[PDB]
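Here's the structure, in structure tokens; my notes come after.
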Amino acid sequence: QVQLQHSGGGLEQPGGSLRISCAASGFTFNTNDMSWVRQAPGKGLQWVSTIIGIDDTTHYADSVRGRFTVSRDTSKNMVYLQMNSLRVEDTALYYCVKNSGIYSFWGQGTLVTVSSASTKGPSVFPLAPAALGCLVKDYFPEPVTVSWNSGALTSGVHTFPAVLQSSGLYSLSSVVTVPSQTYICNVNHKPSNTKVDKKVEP
Amino acid sequence: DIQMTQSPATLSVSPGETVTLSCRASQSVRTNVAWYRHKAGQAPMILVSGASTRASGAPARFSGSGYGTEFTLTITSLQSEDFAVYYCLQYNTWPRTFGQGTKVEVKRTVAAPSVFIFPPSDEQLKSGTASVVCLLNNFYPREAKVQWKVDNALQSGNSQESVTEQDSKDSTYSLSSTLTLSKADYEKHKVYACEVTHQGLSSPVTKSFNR
Ligand SMILES: [Cl-]
Ligand SMILES: [Cl-]
């Protein structure tokens with residue numbers, strides 16, 4: 001079957017560089033057109049580039065031309081995307097995709113994060129009471145995990161999607177609607193290796 | 001560049017219904033247009049290619065029509081997995097261009113939001129910054145206007161909203177609007193108000209507190 005195996009992406013500083021890839025199989029890769037499509041948080045799909053199977057020619061979007069290079073290695077069935085002079089707006093999920101237009105086969109999304117922020121664990125403030133919660137503020141990069149009472153409290157929980165703040169740090173609130181027992185919010189941040197437990201008191 | 005214009009931005013429908021999505025090319029793209037379905041956390045999947053040819057592995061319920069500048073997508077008897085975002089793509093020329101997307105959401109009755117306000121915590125004030133959180137719980141439709149007033153002065157540039165996906169059980173939305181202030185500016189004022197406007201509310205509800 002047509003398989004497309006993505007590489008890991010990364011966390012990069014503006015003006016920095018990254019190379020992402022997909023290992024292909026289940027089709028005649030040496031003669032096939034391969035493309036790169038990206039999706040920025042809260043934005044739509046956007047075409048990045050395509051490499052032509054028959055003659056190795058390439059096409060780019062104006063926003064990436066001169067910075068990004070699409071190449072391939074026929075011997076390993078590898079398609080690459082060398083992303084240089086990285087810009088904040090390059091922050092996205094990148095999909096290697098089969099063909100120049102009819103994208104039937106997609107690789108898994110490769111996350112590329114472009115930011116000047118340093119890795120930082122969140123500060124967990126309480127949302128005091130009915131409704132109560134936790135303010136998971138100033139963390140970088142995504143993601144954090146919010147659970148209540150070590151995972152016992154699962155119903156009536158609204159854990160908001162993170163927003164990127166003006167500071168370049170992320171923030172979200174996790175809220176719970178409860179009747180009238182202690183209430184603890186357990187927030188993990190794997191990038192910074194931080195675990196914070198905060199109990200909410202009225 | 002060829003501009004691809006998708007309409008409407010959002011479609012509010014029920015499961016089992018037949019539905020049509022529109023896509024408009026700024027100039028002729030002949031029949032070289034494709035349709036895609038995108039659900040969060042999973043890679044987008046192809047539905048239609050060559051404007052009308054249904055794609056090889058796409059379900060039988062997806063149909064496409066049109067040529068030149070006006071294209072359509074028909075979803076016959078839509079399923080729960082169909083509540084997603086649909087993109088059209090032109091691949092007739094370079095750059096390849098996608099449409100901005102059409103969100104197919106779960107139609108349900110109007111529900112007014114339950115509004116709550118939260119002053120900054122004492123521990124947050126120990127760090128030179130204040131966060132006033134305003135909660136808008138389990139409402140429908142998604143459209144909600146949230147106004148922040150500090151001693152009756154309308155606030156601009158210091159708030160950010162976050163809204164959840166449709167609740168799997170009741171198909172409603174929840175929204176947080178968080179107001180950011182320096183500790184200094186927070187101590188200059190008394191009345192912190194969160195005024196909400198929604199189709200389910202006859203009059204704007206205001207949830208407030210005194211510092
Ligand atoms: Cl997150
Ligand atoms: Cl079907």
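Chain labels run A, B, ... following the order of the structure tokens; each chain numbers its residues from 1, and ligands are numbered from 1 in the order shown.
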
Exercise: range 87-104 of chain A partners within 8 Å, only C-alpha atoms, chain neighbours under 2 positions left out, as number ranges by chain
A: 4, 6, 14-15, 21-22, 32-41, 50-52, 79, 85, 106-115; B: 34, 43, 45-46, 49, 55, 90-91, 96

Using only C-alpha atoms and all ligand atoms, determine which residues fall within 8 Å of ligand 1, then list them as a compact mmCIF listing (two decimals) with N, CA and C atoms, in the first residue's frame.
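Wrote selection-v2.txt, looks like this:
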# COMPACT_ATOMS: atom_id res chain seq x y z
N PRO A 141 7.16 25.42 24.71
CA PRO A 141 6.15 25.49 23.63
C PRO A 141 4.90 24.72 24.08
N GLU A 142 3.99 24.47 23.16
CA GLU A 142 2.84 23.61 23.39
C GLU A 142 3.39 22.17 23.37
N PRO A 143 2.76 21.20 24.08
CA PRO A 143 1.52 21.32 24.85
C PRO A 143 1.70 21.14 26.35
N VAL A 144 0.61 21.46 27.07
CA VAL A 144 0.38 21.16 28.48
C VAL A 144 -0.76 20.15 28.54
N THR A 145 -0.87 19.48 29.69
CA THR A 145 -1.97 18.55 29.93
C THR A 145 -2.64 18.93 31.22
N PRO A 161 -8.68 25.43 24.30
CA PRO A 161 -7.47 25.36 23.46
C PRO A 161 -6.52 26.51 23.85
N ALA A 162 -5.21 26.26 23.85
CA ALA A 162 -4.22 27.30 24.15
C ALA A 162 -4.28 28.42 23.11
N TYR A 170 2.23 30.82 25.68
CA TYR A 170 0.89 30.27 25.55
C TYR A 170 0.13 30.40 26.84
N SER A 171 -1.19 30.33 26.75
CA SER A 171 -2.04 30.40 27.93
C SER A 171 -3.39 29.75 27.64
N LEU A 172 -3.93 29.08 28.65
CA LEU A 172 -5.26 28.50 28.63
C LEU A 172 -5.80 28.37 30.03

Name the residues, by chain letter and number, that sit within 12 Å of ligand 2 using only C-alpha atoms and all ligand atoms, and give them as a count of residues only.
19

What is the CA of residue 136 in chain B to CA of residue 195 in chain A distance in Å?
28.2 Å

Just the residues within 6 Å of residue 132 in chain B, please, counting only C-alpha atoms, with nothing from its chain fewer than 5 positions along; format it as an NGL selection string.
:B and (118-120 or 178-179)

Output the selection as a compact mmCIF listing (two decimals), in the first residue's frame - N, CA, C and O atoms for each residue.
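Written file, part_38.txt:
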# COMPACT_ATOMS: atom_id res chain seq x y z
N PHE B 118 -14.00 36.03 36.88
CA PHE B 118 -12.98 35.62 37.84
C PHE B 118 -11.93 36.70 37.94
O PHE B 118 -11.26 37.02 36.95
N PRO B 119 -11.77 37.26 39.16
CA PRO B 119 -10.73 38.28 39.36
C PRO B 119 -9.36 37.62 39.37
O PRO B 119 -9.28 36.41 39.60
N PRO B 120 -8.26 38.36 39.19
CA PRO B 120 -6.95 37.70 39.29
C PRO B 120 -6.75 37.14 40.69
O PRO B 120 -7.25 37.70 41.66
N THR B 178 -10.11 36.27 28.21
CA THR B 178 -9.15 36.64 29.27
C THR B 178 -8.59 38.06 29.03
O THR B 178 -8.01 38.32 27.98
N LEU B 179 -8.76 38.95 30.02
CA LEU B 179 -8.25 40.33 30.01
C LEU B 179 -6.91 40.40 30.76
O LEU B 179 -6.80 39.92 31.89

My list of candidates is B:39, B:142, B:108, B:188. Which is closest to residue 10 in chain B when distances are computed with only C-alpha atoms?
B:142

Find the spatial neighbours of residue 166 in chain B, counting only C-alpha atoms, within a cut-off of 9 Å - ignore same-chain residues fewer than 4 positions away - and output them as an NGL selection string.
:B and (105-106 or 142 or 170-174)

Could you write those residues out with C-alpha atoms, as a PDB file, in the first residue's frame?
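Saved as out.pdb:
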ATOM      1  CA  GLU B 105     -21.131  22.234  12.117  1.00  0.00           C
ATOM      2  CA  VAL B 106     -23.885  20.432  14.165  1.00  0.00           C
ATOM      3  CA  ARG B 142     -21.040  30.013  18.274  1.00  0.00           C
ATOM      4  CA  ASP B 170     -25.027  18.574  23.735  1.00  0.00           C
ATOM      5  CA  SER B 171     -23.408  20.191  20.573  1.00  0.00           C
ATOM      6  CA  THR B 172     -22.775  23.541  22.456  1.00  0.00           C
ATOM      7  CA  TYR B 173     -19.714  25.863  22.682  1.00  0.00           C
ATOM      8  CA  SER B 174     -17.851  27.251  25.669  1.00  0.00           C
TER       9      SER B 174
END

Just checking: using only C-alpha atoms, which residue out of A:126, A:26, A:191, A:121 ends up closest to chain B?
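The answer is A:126, which sits nearest to chain B.
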
Rank nothing, just name the residue among B:109, B:147, B:92, B:80 nearest to chain A, using only C-alpha atoms.
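Of B:109, B:147, B:92, B:80, the one nearest chain A, counting only C-alpha atoms, is B:92.
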
What residues in range 119-155 of chain B get the DSSP label strand (DSSP E)? Please answer as an NGL selection string.
:B and (129-139 or 145-150 or 153-154)
